[PDB]
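Since every read-out is calculated from the coordinates, none of them should be taken as a lab result. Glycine gets a Cβ as well: all are built from the backbone with ideal geometry, and neighbour counts include every protein chain shown.
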Amino acid sequence: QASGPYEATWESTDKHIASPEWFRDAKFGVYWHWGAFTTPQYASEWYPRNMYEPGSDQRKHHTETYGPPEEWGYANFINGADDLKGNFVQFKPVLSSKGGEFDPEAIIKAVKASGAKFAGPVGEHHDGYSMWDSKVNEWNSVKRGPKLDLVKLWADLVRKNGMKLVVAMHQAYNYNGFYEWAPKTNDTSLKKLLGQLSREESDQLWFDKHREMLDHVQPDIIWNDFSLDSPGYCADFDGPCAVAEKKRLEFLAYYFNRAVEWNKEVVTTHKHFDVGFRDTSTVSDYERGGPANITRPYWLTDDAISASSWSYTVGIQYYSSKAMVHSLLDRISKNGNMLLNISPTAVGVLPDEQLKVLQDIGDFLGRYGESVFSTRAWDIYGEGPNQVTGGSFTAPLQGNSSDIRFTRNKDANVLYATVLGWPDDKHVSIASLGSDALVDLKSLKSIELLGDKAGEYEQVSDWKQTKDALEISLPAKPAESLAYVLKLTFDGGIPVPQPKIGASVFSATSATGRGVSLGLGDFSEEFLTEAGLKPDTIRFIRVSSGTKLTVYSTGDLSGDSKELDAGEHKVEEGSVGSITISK
Ligand SMILES: *[C@@H]1O[C@H](CO)[C@@H](O)[C@H](O)[C@H]1NC(C)=O
Ligand SMILES: *[C@@H]1O[C@H](CO)[C@@H](O)[C@H](O)[C@H]1NC(C)=O
Ligand SMILES: *[C@@H]1O[C@H](CO)[C@@H](O)[C@H](O)[C@H]1NC(C)=O
Ligand code: NA
């Protein structure tokens with residue numbers, strides 16, 4: 001235990017701020033799956049597991065290159081050994097200052113240039129190779145291979161370069177089926193490496209790895225992979241696909257208490273499927289994708305620069321700069337952040353195509369940061385034909401001039417509308433600010449287009465509110481960019497639009513003042529509160545055509561519930577605790 005106000009219970013841990021204000025302002029971050037799992041440079045980061053899979057291409061590749069995995073195991077990648085041709089193979093990165101190709105300073109410079117507000121390494125993957133100076137795990141990068149505390153190295157470089165530190169931990173699945181096809185051994189060390197220790201010992205080692213690392217580098221974000229409490233994702237291994245609840249609650253309490261000692265608001269994450277942690281104090285992470293609508297509470301997306309692996313492989317191909325930038329814009333439009341993974345080579349070199357993606361991302365963010373950083377999601381994420389499918393493992397967004405993504409400042413009086421291309425007619429239509437949206441733009445003081453450099457704006461040529469939409473005639477195209485940003489400065493806050501199929505709630509006796517616009521869905525009190533209007537302060541609800549609303553006093557839509565239909569309505573102050581939109 002560590003001195004703090006948190007005991008290892010759910011009710012104490014649930015008081016932790018899941019997503020602090022800095023996290024909500026950071027928007028974009030970068031991490032790297034680099035480790036002993038990159039040494040083979042074949043298939044995926046899951047080569048450690050698949051190299052023993054019966055009848056796998058990995059097993060065939062391993063047998064044809066190094067030998068049978070029953071004789072030449074992954075511990076040879078860690079500790080060093082010859083292949084069949086006679087070449088020495090080990091994850092032994094050499095610092096470029098000592099004559100090697102591992103230049104961590106160049107990598108951290110590229111990451112800084114990308115515009116990342118949080119960065120850091122993968123501290124430990126499923127392979128059981130701790131990349132810090134561990135005492136609990138002798139299978140680490142200090143005692144073996146490069147003999148260098150890479151996690152401390154990356155932490156020092158990330159802090160020196162003015163970025164928050166995230167450390168990715170994927171050691172829960174190490175003993176929940178990752179090495180299920182590896183040969184049983186009696187060696188207690190290799191048992192530690194291959195997840196063949198008693199469950200109790202393995203959960204204790206999970207917690208101890210977390211403690212060692214979080215005390216060694218004091219990370220701002222703890223990124224946890226699956227197998228915390230994720231039944232159904234550990235194949236057919238005789239295991240619970242979970243970490244002992246006691247150990248998880250003890251980890252949460254330790255990390256939060258150590259954070260109260262450091263005076264730092266910290267974040268820990270869980271895959272949206274893993275129910276090991278709750279969104280009361282933890283952040284739901286969507287892998288290779290994100291929600292299709294605005295999802296509250298605040299969330300995170302972890303994506304990779306490649307659709308195939310998170311680690312480098314000969315012949316790896318990468319996504320485009322547009323996909324990454326457009327996907328970042330959609331995620332931040334829907335109350336979330338983006339954590340992009342890059343894939344350095346086994347020798348510690350970042351390939352030129354990854355360097356170009358990072359520099360294109362950095363160009364866009366250095367030019368339009370005002371629109372992304374320190375902004376919040378609006379009540380309507382965007383307009384356009386191009387939308388993502390929804391959920392994890394979905395395709396990266398690639399939009400065009402017909403697609404708009406909305407962001408707003410914290411004071412809710414500036415609206416950033418980003419077009420995913422340049423319209424050939426130099427026109428932009430914002431349907432949600434039309435007259436049919438019951439929006440009055442009298443308070444609209446200025447529409448600008450962001451220029452070639454930050455702080456350079458050009459006034460819009462002309463605009464007019466039609467019933468169907470707000471029409472905007474664009475000024476001359478600025479310097480080329482993957483997207484173009486319009487800044488609408490209002491006076492007295494951004495008007496509350498009325499959806500065609502949905503409704504709008506306001507903390508006032510009329511449709512005036514602060515309000516939240518809501519489309520089809522279920523809106524908990526957490527949702528409404530994060531939107532900027534606590535449900536116990538609502539006094540007016542305006543409904544669009546045939547949109548039936550179900551009102552609850554529960555902050556979770558549970559219990560006696562009254563109902564309303566289309567048309568205006570006045571609710572007693574405190575009667576609303578939840579809202580369900582239907583039909
Ligand atoms: C491991 O222990 C089992 C049980 O005592 C034994 O049958 C097996 O031969 C041992 N293997 C090795 C490599 O020591
Ligand atoms: C989100 O809005 C889209 C608009 O196309 C709608 O189709 C979808 O049903 C809404 N959210 C969900 C999944 O309820
Ligand atoms: C934008 O994409 C949509 C959907 O693919 C397409 O229908 C439309 O023609 C595109 N517009 C432009 C200007 O590329
Ligand atoms: Na909380």
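Things to note:
- Here the gap between residue 436 and residue 568, fully extended at 0.36 nm per residue and compared with their Cα-Cα distance, gives a gain of 46.0 nm.
- Using the Cβ-Cβ distance between residue 402 and residue 215 with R0 = 45 Å, the FRET efficiency computed as 1/(1 + (r/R0)^6) comes to roughly 0.30.
- Förster-model FRET efficiency, 22 Å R0, residue 238 and residue 53, C-beta, rounded to 0.05: 0.80
- Relative contact order [Cα under 8 Å, 6+ residues apart], region 502-582, whole percent: 35 percent
- Were the residues from residue 491 through residue 477 laid out at 0.36 nm apart, the gain over their Cα-Cα distance would be 2.3 nm.
- Dividing the summed -39500 (n - 2.57) terms of all DSSP H runs of n ≥ 4 by the residue count of the chain sets its mean residue ellipticity at 222 nm at -7000 deg cm²/dmol.
- Label-to-label distance for residue 387 and residue 208 is 5.1 nm, based on points extended 7 Å past Cα in the beta-carbon direction.
- Using the Cβ-Cβ distance between residue 188 and residue 558 with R0 set to 51 Å, the FRET efficiency works out to roughly 0.55.
- Distance between modelled label sites at residue 511 and residue 575, nm, 7 Å Cα→Cβ extension: 1.9 nm
- Euclidean distance between Cα centres, region 13-45 to region 461-523, Å: 33 Å
- Taking 0.36 nm per residue of separation and subtracting the Cα-Cα distance, full extension of the segment from residue 63 to residue 454 would add 135.3 nm.
- Site pair residue 426 and residue 156 shows an inter-label distance of 5.5 nm when each label is modelled 7 Å from Cα along Cα→Cβ.
- Sorted by Cβ density within 10 Å, fewest first, the residues 543, 158: 543, 158
- Residues of region 500-530 with amide N under 18 Å of the 7 Å Cα→Cβ point at residue 583: 500-504, 519-522
- Relative contact order, percent, the chain [alpha-carbon distance under 8 Å, six or more residues apart]: 12 percent
- Figure legend: label point modelled 7 angstrom from the Cα of residue 97 along Cα→Cβ; residues of region 314-356 with amide N under 19 Å from it are 348-350.
- Sparse-neighbourhood loop sites, trypsin sites (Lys or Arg not before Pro) in region 1-107 - DSSP loop, at most 10 other Cβ within 10 angstrom: 85
- In range of the label at residue 136: residues from region 246-264 whose backbone nitrogen is under 17 Å from the point 7 Å along Cα→Cβ: 246-259
- Least to most buried among 169, 51 (fewest other Cβ within 10 Å first): 169, 51
- Note on 70, 11: ascending count of other Cβ atoms within 10 Å places them as 11, 70, the fewest first.
- For the chain, the equivalent ellipsoid derived from the Cα gyration tensor has semi-axes of 46, 28, 20 Å, listed largest first.
- A straight Cα-to-Cα reach below 26 Å connects residue 426 with the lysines 322, 442, 445, 453, 464, 467, 477, 487, residues fewer than 8 places away in its own chain not being considered.
- The relative contact order of region 376-490, computed from alpha carbon pairs under 8 Å that lie at least 6 residues apart in sequence, is 27 percent.
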